[PDB]
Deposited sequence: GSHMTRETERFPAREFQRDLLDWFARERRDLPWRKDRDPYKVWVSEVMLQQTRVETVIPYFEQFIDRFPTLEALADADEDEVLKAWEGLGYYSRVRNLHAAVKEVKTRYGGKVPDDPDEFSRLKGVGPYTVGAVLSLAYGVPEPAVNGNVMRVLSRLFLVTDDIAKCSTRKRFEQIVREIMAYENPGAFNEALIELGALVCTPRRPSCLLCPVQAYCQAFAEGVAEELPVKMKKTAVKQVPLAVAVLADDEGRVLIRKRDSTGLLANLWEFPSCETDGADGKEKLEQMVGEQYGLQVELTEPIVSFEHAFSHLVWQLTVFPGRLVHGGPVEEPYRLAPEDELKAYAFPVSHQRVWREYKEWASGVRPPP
């Protein structure tokens, strides 16, 4: 019923599509940015970030020419920062190697950093009309119900099957709207919980509904870490911060010098990292910060700084009124907030 189905989906879409910021046009650059921001992130959260992001970097050229620090700052608080570092580099690549024109060939576009099987399909089909499937968790949730599939969507290979299913039923006469319509359905109707099957435009074609299992689909299958953090201030008002390693957790983001005490190292633990010297005091407070794969149990230690040498390594000395210029993980934003209300 490919053609019939395609009609009920696309029709519902034409009359129900939300007017979101990135839907004002089909500009490749803007679709690409939005698609990256939306990955594992709530639309309500992305909206403000996209509008601020595009206002700051209006075109692919603007983003390519910006310093990663300014870009990380624009991404501050969105999470999975590796997404923007991949995007930045891909945009630089497009500019220099492709003449600032986003490749419209899957094989060419897919080679860019951050562009996986979903993003190639999403960006090329919405912005160029290239008939490629754009399968992500949303699309897999929808198709697993329409075609009652019990394959764990967490399995690497499961996606390939759903992509096959899309190549099969896709409306080649307008893939962009077909791909985008599947996502809207998953977002507005066929939701994770309580899918609104009774008002669904493609209910007639749904196997999961016929069997009354729509709500059990799709089928889908952390370490605790004590962290010691020190807020160091000059007899003048400056504080010590540093730029995290360029690989791994919160890469290239700034933070207050910290140390994984993986136990009860304590104030002395951070002290050992003084090897430029200073001393600390009692812990201002302790709180937890969760990640997808771990939970940081942080403890903040106030301390005074006394200049006895240069400031090298990743370290950097910054005036209180200059901190708002660096991108800090949310956990360190609270560290500093705690510090400020403590002293105040």
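Which runs of the deposited chain sequence never show up in the coordinates? Coordinates drop out over 1-11, 233-236, 291-294, 364-369.
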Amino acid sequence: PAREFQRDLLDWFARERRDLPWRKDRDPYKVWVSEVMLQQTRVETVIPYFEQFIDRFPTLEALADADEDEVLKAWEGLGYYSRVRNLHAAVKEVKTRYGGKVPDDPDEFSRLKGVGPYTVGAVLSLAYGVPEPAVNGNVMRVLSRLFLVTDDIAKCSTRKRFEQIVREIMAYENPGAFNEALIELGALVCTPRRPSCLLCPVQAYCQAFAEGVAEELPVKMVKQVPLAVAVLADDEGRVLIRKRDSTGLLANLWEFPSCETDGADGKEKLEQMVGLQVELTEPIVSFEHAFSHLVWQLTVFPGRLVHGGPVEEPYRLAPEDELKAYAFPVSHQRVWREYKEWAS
From here on, numbers count along this sequence of modelled residues.
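Read off the CA B-factors in the entry, average them over 81-89 and over 207-215, and name the higher stretch. The deposited B-factors put 207-215 ahead on the C-alpha mean.
Quick check: 20-28 versus 7-15, which has the larger average CA B-factor in the record? Mean CA B-factor is higher for 7-15.
Highest recorded Cα temperature factor - choice among 249, 197, 122, 156: When the deposited C-alpha B-factors of 249, 197, 122, 156 are compared, 156 is largest.
Which one of 39, 45, 292, 286 shows the biggest C-alpha B-factor in the PDB entry? Largest recorded C-alpha B-factor: 286.
Using only modelled residues of the chain, where does the Cα B factor of residue 224 rank: lowest third, middle third or highest third? Highest third.
Place residue 130 in the lowest, middle or highest third of its chain's C-alpha B-factors, as listed in the PDB entry. For residue 130, the deposited C-alpha B-factor lands in the middle third.
C-alpha B factor of residue 150, ranked within the chain: lowest, middle or highest third? Ranked within chain, residue 150 CA B lands in the middle tercile.
Quick check for you: using the entry's CA B-factors within this chain, is residue 51 in the lowest, middle or highest third? Lowest third of the chain for residue 51's C-alpha B-factor.
Taking the values exactly as deposited, rank residue 117 by C-alpha B-factor within its chain and report the matching third: lowest, middle or highest. According to the entry, residue 117 has a C-alpha B-factor in the chain's lowest third.
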